[PDB]
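Written below as structure tokens is the structure these notes are about.
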Amino acid sequence: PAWXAXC
Amino acid sequence: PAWXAXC
Amino acid sequence: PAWXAXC
Amino acid sequence: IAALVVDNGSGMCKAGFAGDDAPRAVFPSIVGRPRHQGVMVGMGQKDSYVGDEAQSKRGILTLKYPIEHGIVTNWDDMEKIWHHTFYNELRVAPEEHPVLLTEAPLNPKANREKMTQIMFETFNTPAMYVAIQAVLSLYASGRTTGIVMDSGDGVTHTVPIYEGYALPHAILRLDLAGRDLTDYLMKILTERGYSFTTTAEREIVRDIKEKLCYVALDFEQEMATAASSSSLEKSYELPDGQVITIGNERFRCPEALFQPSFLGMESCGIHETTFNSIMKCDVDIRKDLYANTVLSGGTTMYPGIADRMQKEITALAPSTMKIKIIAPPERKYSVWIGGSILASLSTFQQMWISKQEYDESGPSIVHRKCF
Amino acid sequence: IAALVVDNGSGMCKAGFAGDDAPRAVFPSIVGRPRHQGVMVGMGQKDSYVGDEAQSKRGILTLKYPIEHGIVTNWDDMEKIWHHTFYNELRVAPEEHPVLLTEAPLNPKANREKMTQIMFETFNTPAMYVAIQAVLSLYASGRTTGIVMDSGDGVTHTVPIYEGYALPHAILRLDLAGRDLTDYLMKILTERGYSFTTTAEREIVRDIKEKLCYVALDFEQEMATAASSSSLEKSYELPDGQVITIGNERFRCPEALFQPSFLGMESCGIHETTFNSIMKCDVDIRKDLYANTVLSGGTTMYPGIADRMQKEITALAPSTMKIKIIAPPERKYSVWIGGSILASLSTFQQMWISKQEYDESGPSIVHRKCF
Amino acid sequence: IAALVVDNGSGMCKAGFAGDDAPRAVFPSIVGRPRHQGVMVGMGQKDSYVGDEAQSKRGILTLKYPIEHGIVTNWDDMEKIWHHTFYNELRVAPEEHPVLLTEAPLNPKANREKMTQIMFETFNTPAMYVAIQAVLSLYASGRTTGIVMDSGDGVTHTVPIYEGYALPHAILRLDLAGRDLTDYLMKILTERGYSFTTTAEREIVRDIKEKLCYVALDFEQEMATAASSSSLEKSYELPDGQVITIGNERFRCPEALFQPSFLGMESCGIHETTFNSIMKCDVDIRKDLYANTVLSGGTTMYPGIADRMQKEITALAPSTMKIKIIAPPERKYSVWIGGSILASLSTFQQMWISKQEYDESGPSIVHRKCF
Ligand SMILES: Nc1ncnc2c1ncn2[C@@H]1O[C@H](COP(=O)(O)OP(=O)(O)O)[C@@H](O)[C@H]1O
Ligand SMILES: Nc1ncnc2c1ncn2[C@@H]1O[C@H](COP(=O)(O)OP(=O)(O)O)[C@@H](O)[C@H]1O
Ligand SMILES: Nc1ncnc2c1ncn2[C@@H]1O[C@H](COP(=O)(O)OP(=O)(O)O)[C@@H](O)[C@H]1O
Ligand SMILES: [Mg+2]
Ligand SMILES: [Mg+2]
Ligand SMILES: [Mg+2]
């Protein structure tokens, strides 16, 4: 999360 | 890093 | 490669 | 005109004018909104809160940080943080002063661009730069050959630099950081029946963190001791007066930095991300960088962390090598300090992006010197 | 009795009997171990997993490849791989068939010696050989005059072998390979917002690499094409079914094969190591070598690579010369195809070292006809 | 005023004023450039380091040797070496002192032309000469009749010189030199898994050669001992602190001077080229040469090379000859010393080409005196 994808 | 010294 | 036509 | 140096770090936004030795503002990088409906209308209660105002009204608020793992997740609440950063904390008009913003390595290109859009078009800054937070910690220590291990709430990164040239192929960013270390303390506190769940309670546990966790020099020995006797246990009073107690949990919390496997990640610990980074650079550039492991950011504050780094990375490194952990006082705030130093240089007046440049180049100007 | 041909590739093992035109078994060469405690005692679970079993269980295992850069970095996980290669994937008893292994040029001498001891004293083989990977390929190409650029997950080799007599002094080994480009693909995908970290995510990145990525014919022009247009944007669904839109990234990922300066290695691109390997040979054979340039191994499968290769060496090489990048379809397993031919080529039936010879001359026997 | 003497060696530049008994400046003939973008602008980096500077900063720089086998391959790099030689290493204005240049035998006309042009027009030297390196070598032992076997980093050559007059038709060149022996040293160290690829790593290998290799007197018995006891094998430690073991490889490297087949060179070994130059000499004088075989240049520094040269060329000569190998100390810088000797003398004070002569007659003066 936060990440655009992957977290 | 696969080799001994060096990589 | 130094040499013009050889090394 | 003096420049403004602002570090938008995931826990706190350190801000102030250049050349000074400490920031004029140190407010938690938090925005808050009410969790319940209002009644005493003569108060004129605010549409939103920020910083230590959010610590003041804290128990009645939903709280959020707009920065996570160094990505800005919410540009509206980040713009609030910047509006308060300038116009209340420093009372400056940013439209009249150049600004140095600090940014994490290996972070999405859009974040530099969206930041710069807001800075030139909302806040009308006359000039701007977006410095790599690692480079600043090295400037902060005066040295110019070393490896910076920087870690606060959102990111841990190791960046080696030698004779001032970068080694970008050797940067490692491990997203295990202070926020995560707080999450983990909440889980393990639950083992003793101490419960914390609201975002306000989360930040009480942040407080316990600050003042109660050490990073034991040997985990097997210390865990054996804490299972053997109660002597190591210390207590802390909540804002509601009752005394919590911390035992094994004191050192388990930051043990995660040396065993991220406790938090479920596959990644090797901060000693290993340092060693693997020195091993990513040439053999020459090495013994030197093993004499110069430089620490920065608030999660480097734990007692014994420099000892643990040394007694760990010296076990990874070759024998007959000198390993030293340069862990300065105010490692808490090195980057502001580094940014202040960089803003003091005459030649850095040639590095800035000017608003006149931005208006003619478009967004791609923000990327000339970045990781 | 039919002999066995096994290629110990750093990424995927290819194995089968002689005579066949494709290798029956392809376990991607991976051993993997449980990342967490097993809880369901009724599942009948096992200590560690391999190949497609490792791929099946991927999201709960830490994955290790026991070959890097061709060196067998771990012997127990390699021997586990061979136990699964023979008794599970091929259902053959290696103590009843001669076996031919494959190995990289310039690999450390000790590797061949350990392999030999494991074959003769774990798997009790009757007779054994270890063919130099490139060599096998020209057999797979038919042509017995040519220079082989073999490029797999680990090594890259550029042997020139002429009139069927080798030229070992002219061999160049460049440790840029498919794993290195997988690792670089992680870095560049970060720039648009996507985080990949785990060993399991390395395989998802590998899938993106094997589908959407391709070699630019001219980097600057295609770069500029992005900068002008969305026209090269394509998208891939993760296991979540969420689509990730990658671009400017495809013609960058493998541009590293021609610019290793992107990844902080020093040595020249695979085209330059091709030209420079030819230039090590005696000046007569060069005309024939330029006309017999052979590509092999999975990283030679990028779309556009032939065009780029042919133009790149056409820049480096003389004018008034002809350049033939012989790059067939099925270039991938153009080794366990060459080894199939070599074990079938009955004149070779003296070359297999007998167990009795190894039991007398010890490990020294392996240095029979190698580099 | 004192003339300036410069030995333009392929690996190291030896230089000083005339009449010094040893060179003042002795430095690796390296031009460097940075491999990575510079980020700490306040350091004030310079774009190309030279000599011991480049060797200090080793792992952040690409390292270029501008001289290959006596051919100056890159002129602006070599011009920077001479600039550093004059203004910094010797601290002198080369336009105010005559200059003595050493040059390798059988080296193309254009090299002397461009050396001449750069001296007379970049540096505006007032008078100049270019000496055949072997002349200076023989003169350095104070003798005036013999044959020189010179062997630097770039060229090995044999020159018969009688009553101080050279025999030009009887000269031989063999390009198998110290760099080539460094090359072969890489390859053989790779057998024990010690890889070395970057130019920086090349310099490590050069250092290793210079302290653990030696010329075996008796190759067969030695190599049989090396296959029988570990007592012949020993160790060295990297700039990365870790130890490396040098063994069979110790002698195998320098053996190449006698067996160029080991590097795939069909060319004759140093004992054969010395013999084959003595046998090009007139039948009368061969005796006078055998008492006067002088060795010069740094690759003649291998322990036991004199003993080997003797015991080898013994077999090539007829019985009943005084086959004496002149291998003193200072053979290291002998060529330069000879330059300083010859430069001090009124007879040689006739030889120096006046700038005015070259200015009026163009290259037509040097086109004679190069023979
Ligand atoms: N004395 C301390 N001991 C342990 N951790 C600390 C200490 N002081 C601060 N920290 C941690 O550092 C984190 C923020 O670090 P810092 O880098 O200063 O802020 P930012 O990451 O926002 O730049 C906080 O979450 C805090 O938990
Ligand atoms: N279509 C493709 N295009 C480019 N590269 C590919 C493609 N398919 C597979 N690869 C790469 O080839 C690598 C495997 O190389 P291969 O030659 O098949 O085996 P080895 O690595 O043992 O030589 C894989 O890691 C993969 O990244
Ligand atoms: N102790 C040593 N043993 C063997 N070789 C040496 C030793 N010291 C120096 N050398 C070799 O001498 C070579 C250079 O010698 P020198 O003639 O002074 O320079 P150049 O060859 O450039 O004129 C180098 O290649 C180096 O390998
Ligand atoms: Mg920070
Ligand atoms: Mg392969
Ligand atoms: Mg010399």
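None of the figures in this text is laboratory data; all of them are computed from the coordinates on show. No Cβ is skipped: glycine too gets one built from the backbone with ideal geometry, and neighbour counts run over all protein chains shown.
Quick rundown of the values:
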| item | result |
| --- | --- |
| Amide H contacts under 5 Å for residue D:234, placed H, 5+ residues apart | D:246 |
| Inter-copy separations for residue E:291, label at 7 Å along Cα-Cβ, nm, ascending | 6.0, 6.0 |
| Shape call, segment E:122-230: gyration tensor on alpha carbons, a/c limit 1.5 | oblate |
| Segment F:177-271: radius of gyration over Cα atoms, expressed as a fraction of 2.2 N^0.38 Å | 1.07 |
| Averaged over D:156-166, number of beta-carbon atoms from partner chains that fall within 10 Å | 5 |
| Reach of residue F:211 by Cα under 12 Å, taken over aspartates and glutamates that are not fewer than 8 positions away in the same chain | F:237 |
| Cα coordinate range in segment E:37-97, projected on the principal axes (Å, largest first) | 40, 29, 17 |
| Size of electric dipole in chain E: Cβ of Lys, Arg +1 and of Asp, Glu -1, about Cα centre, debye, nearest 20 | 200 debye |
| Low-density loop positions, GluC sites (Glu not before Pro), segment E:143-209 - DSSP coil, at most 12 other Cβ in 10 Å | E:163 |
| Selected from E:217, E:204, E:263, residue furthest toward positive end of dipole (segment E:176-267; charges at beta carbon) | E:204 |
| Nearest-0.05 FRET efficiency for residue E:319 and residue E:163, computed from C-beta distance (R0 25 Å) | 0.45 |
| Whole-Hz couplings from phi, Karplus 6.51/-1.76/1.60, listed for segment D:299-304; x for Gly and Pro | 6, 7, 8, 4, x, x |
| In Hz, Karplus ³J(HN,Hα) per residue of segment E:166-179 (6.51, -1.76, 1.60; θ = phi - 60°; x = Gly, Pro) | 5, 9, x, 4, 8, 5, 10, 10, 10, 6, 6, 7, x, 4 |
| Other copies of residue D:188: label-to-label distances in nm, shortest first, labels 7 Å along the beta-carbon direction | 4.1, 5.5 |
| Prolate/oblate/rounded label for chain D (Cα gyration tensor, a/c 1.5) | oblate |
| Cut-off 13 Å between beta-carbons: net charge of the residues surrounding residue F:88, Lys and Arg +1, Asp and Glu -1 | +1 |
| Dipole in debye (nearest 20) - segment D:176-267, about Cα centre, beta carbon charges: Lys, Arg +1; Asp, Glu -1 | 120 debye |
| Flagged links, alpha-carbon separation over 31 Å, of E:280/F:109; F:234/F:332; D:209/E:64 | D:209/E:64 |
| Loop sites in segment D:187-243: trypsin sites (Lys or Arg not before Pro), DSSP, at most 14 other Cβ within 10 Å | D:192 |
| Bridge type composition, the protein assembly as shown - antiparallel percent by DSSP, nearest 5 | 70 percent |
| Shielding score for D:132-141, defined as the mean number of other chain Cβ atoms within 10 Å | 1 |
| Peptide-level mean, for F:192-205, of C-beta atoms on other protein chains within 10 Å | 6 |
| Three-way shape label, segment D:172-216, alpha-carbon gyration tensor, a/c 1.5 | prolate |
| Net charge of neighbours whose Cβ lies under 11 Å from the Cβ of residue D:108, counting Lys and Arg as +1 and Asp and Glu as -1 | +1 |
| Residue-count net charge about residue E:70 - beta-carbon cut-off 10 Å; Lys, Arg +1, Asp, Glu -1 | -3 |
| Dimensionless Rg ratio for the protein assembly as shown, taking C-alpha atoms and the 2.2 N^0.38 Å reference | 1.08 |
| Closest Cβ on chain F to the rotation axis that carries it onto E (distance rounded to whole Å) | F:197, 3 |
| Distance between modelled label sites at residue F:56 and residue F:344, nm, 7 Å Cα→Cβ extension | 3.3 nm |
| Net charge dipole size for the protein assembly as shown [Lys, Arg +1 and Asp, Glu -1 on Cβ; Debye, nearest 20] | 220 debye |
| Residues residue D:217 and residue F:220, FRET efficiency given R0 of 60 Å [Cβ-Cβ distance, rounded to 0.05] | 0.55 |
| Farthest positive-ward along segment E:2-51 dipole, Cα basis, beta-carbon charges - from E:19, E:5, E:41 | E:41 |
| Using a Förster distance of 45 Å, the FRET efficiency for residue D:191-residue D:109 (Cβ separation, nearest 0.05) | 0.60 |
